[PDB]
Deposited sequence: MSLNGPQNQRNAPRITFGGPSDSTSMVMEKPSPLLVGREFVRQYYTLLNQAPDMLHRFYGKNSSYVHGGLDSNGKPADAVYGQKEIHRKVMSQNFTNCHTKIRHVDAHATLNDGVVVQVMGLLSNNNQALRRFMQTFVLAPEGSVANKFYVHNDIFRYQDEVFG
């Protein structure tokens, strides 16, 4: 037998970043699996040039993910902060560069709130996902 301390916020965060950006490249059509009924997703200010509202739950998020046409998504992660927050959650701030559809790497930040899934030990879901490119602003 072997007992260790609960995974740290930083371990949960770093493992989350590894799986999230891998899936974005490899199977963006499977990213929706990370989210639950009450999850919010926000990816940039503008979509066809129109202001994009937050969407909620797996289906609307799957749709929003599919609409962004993630193809050949290359990510360079430069820094990850992950801290304990409300309700045994983890707040993550990612700083990195992202290329979609062979466009040039652009600086971004991404804010996530991760929450315990509730039924499986060390399992989390994404409650909040907020992406912004720096150039945007």
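Comparing the deposited sequence with the modelled residues, the stretches lacking C-alpha coordinates are 1-24, 72, 163-164.
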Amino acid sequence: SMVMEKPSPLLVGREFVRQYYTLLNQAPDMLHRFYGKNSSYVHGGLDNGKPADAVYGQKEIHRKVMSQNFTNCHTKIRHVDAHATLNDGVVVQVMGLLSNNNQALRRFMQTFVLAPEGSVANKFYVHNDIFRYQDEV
From here on, numbers count along this sequence of modelled residues.
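What we label the rigid core is the largest C-alpha set whose atoms superpose within 1.5 Å from one form to the other.
Comparing 85-93 with 52-60 in 8 other deposited structures of this protein, after superposition on the rigid core, the stretch with the greater RMS C-alpha deviation is 52-60. Each structure in 8 other deposited structures of this protein is fitted to the shown form on the rigid core, and of 120-128 and 19-27 the C-alphas lie farther away on average for 120-128.
Among other compared entries that model residues flanking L46, a third or more give it no coordinates.
Just going by the entry, 125-133 versus 10-18 on mean CA temperature factor gives the higher value to 10-18. Judged by mean Cα B factor in the deposited record, 23-31 ranks above the other of 23-31 and 55-63.
Ranking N87, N100, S40, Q110 by the C-alpha B-factor listed in the PDB entry places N87 at the top. Sort the chain's modelled residues by C-alpha temperature factor and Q93 lands in the lowest third, per the entry. Compared with the other modelled residues of the chain, the Cα B-factor recorded for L114 ranks in the lowest third.
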